[PDB]
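Participant: Before I ask anything, let me first share the structure, which is written out below as structure tokens.
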């Protein structure tokens, strides 16, 4: 009856909702519009860090990157204060995940190199994890701003969940690099009102949020039950019916997550 509960939420919040929870050895996949495209928004920043970690030695995290006031387009709670000093790759990774720093993300994209300011390379990285669906075509802040129907800068709940699974629970990264990504997501500052709000306090939650125009609000997480059983949870939403200025609804994500938690209990 989960489809019905998700549908009621869509009516309640005047929203479109997408949900995917991969199957486990003891549970069935949970899916709702899981194969419909939704804008990444900032959720791309998690696998972006993985991509950076993957293609370089650990010693790369200590490389100092320099930039200018011109460089920091979009929200950048961190980068604005380190213009003079620069920031290391590691510091950029930290900022990109835990504070969703757009300038940091753009710099990491640049570090991947290649056409589209790194977007092609990032997309290439996703392909290496078997994700043929997602694509990143623009940087911050434009990537949050594509019109409904545009395939650019989109993923699906299904696709992004399977990526996150490999990164955190699987062997996409070696243990040392895996721990770094896990730890940054664990100490995320931006997700308190979303999936975290839907899971009881005794469940551990690590996540990366995404927010955008057309009422776009996303969150991707790995959770662990009170007895340590992990699940991957991807929840995505937008409100295209309200046009560009439509307000994102955090509560929709928290409520959907609650529905999920009830099934996983």
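So for chain A, numbering is Swiss-Prot's, and the shown residues are 43-307, in order.
Backbone N, Cα and C define each Cβ position, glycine as well.
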Participant: Per Swiss-Prot, which one of 118, 142, 170 shares the substrate site with 251, 252, 253?
Facilitator: 142
Participant: Are there binding-site residues among 142, 251, 252, 253 that sit within 10 Å of residue 87 (site 'Increases nucleophilicity of active site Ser'), Cα to Cα? If so, list them; otherwise say none.
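Facilitator: Cα filter at 10 Å returns 142, 251, 252.
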Participant: According to DSSP, collapsed to three classes, what secondary structure does residue 84 (active site, acyl-ester intermediate) have?
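Facilitator: Looking at the DSSP assignment, residue 84 (active site, acyl-ester intermediate) belongs to a helix.
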Participant: According to DSSP, does residue 142 (substrate binding site) fall in a helix, a strand, or coil?
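Facilitator: Its secondary structure by DSSP: coil.
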